[PDB]
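Report on the following structure.
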Amino acid sequence: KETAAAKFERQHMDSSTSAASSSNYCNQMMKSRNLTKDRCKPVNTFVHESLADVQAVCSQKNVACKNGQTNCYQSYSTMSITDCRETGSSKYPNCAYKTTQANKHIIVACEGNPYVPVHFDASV
DNA sequence: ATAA
């Protein structure tokens, strides 16, 4: 089956670049990662760090997830991230997204052994 | 509207 760990890597990691290239970064990346297969996923964030640097967050600041669950962690440092949100003019199948590149703390939720990010929760 |  697809593991939550691998699903986090496919939807939120993009190590190759240190930042979002074009305003169109999100329209290609969201389609190539398949987040527009059945519905356009309205918000999604891509982290531009090493798998090792993002994984490591699971051993840092324990904080509450946005929904009340105790298993979220935030990076001590700020990380390169591209937030992607679908615009008012987006209409499946041709999902349109707005690309924002920012450097800030990510908050991820973690599970398992190894204790890996499993969900992207917020940045701050 | 970002995890099952």
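Computation of the quantities below employed the complete heavy-atom set of this structure, encompassing side-chain atoms and omitting hydrogens, waters and symmetry-equivalent molecules. All chains are named by letter (A, B, ...) in the order of the sequence lines, taking the proteins before the strands, and each is independently numbered beginning at 1.
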Requested in this report: Return the value, rounded to whole Å, for the distance between atom NE2 of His105(A) and atom P of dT2(B).
Outcome: 21 Å
Report task. May I have the distance from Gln11(A) (atom CD) to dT2(B) (atom P), rounded to whole angstrom? Result -> 12 Å
Report task. Name the nucleic acid region contacted by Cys84(A), choosing base, sugar-phosphate or nothing; use a 4.0 angstrom heavy-atom cut-off, strictly under. Result -> nothing
Report task. Starting at atom CZ of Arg10(A), determine the distance to atom P of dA4(B), rounded to an integer number of angstrom. Result -> 10 Å
Query - Donor on one side chain, acceptor on other, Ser75(A) and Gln60(A), under 3.5 Å - result: no
Query raised in the report: What nucleotide among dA1(B), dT2(B), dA4(B) has an atom nearest to a side-chain atom of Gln69(A)?
Result: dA4(B)
Report summary line: From CG of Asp14(A) across to P of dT2(B) the rounded distance in Å is 21 Å
Query raised in the report: If you check every side-chain atom of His119(A), which of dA4(B), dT2(B), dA1(B) has the closest atom?
Result: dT2(B)
Report task. Measure from the side chain of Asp83(A), starting at C-beta and using heavy atoms only, and say which of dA4(B), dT2(B), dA1(B) lies closest. Result -> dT2(B)
Query raised in the report: Below 3.5 Å, does any donor atom in the side chain of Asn44(A) face an acceptor in the base of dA1(B), or the other way round?
Result: no
Report task. To the nearest 0.5 Å, tell me how far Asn27(A) CG sits from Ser22(A) OG. Result -> 8.5 Å
Query raised in the report: To the nearest Å, how far apart are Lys66(A) NZ and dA1(B) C1'?
Result: 9 Å
Requested in this report: Check the distance between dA1(B)'s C1' and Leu35(A)'s CG and give it to me in whole angstrom.
Outcome: 14 Å
Report task. Answer whether the closest heavy-atom distance between the side chains of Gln55(A) and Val116(A) falls below 4.5 Å. Result -> yes
Query raised in the report: Separation of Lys7(A) atom NZ from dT2(B) atom P, in whole Å?
Result: 13 Å
Report summary line: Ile81(A) CD1 to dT2(B) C1', in whole Å, measures 12 Å
Query raised in the report: Looking at side-chain heavy atoms only, is the closest gap between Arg10(A) and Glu2(A) below 4.5 Å?
Result: yes
Query - Within residues 105-124 of chain A or reaching into it, pairs that qualify as ring pair (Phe, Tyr, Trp, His ring centres under 6.0 Å) - sequence neighbours excluded - result: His12(A)-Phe120(A), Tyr73(A)-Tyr115(A)
Report task. Report which part of the nucleic acid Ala109(A) touches: base, sugar-phosphate, or nothing (heavy-atom distance under 4.0 Å, all strands). Result -> base
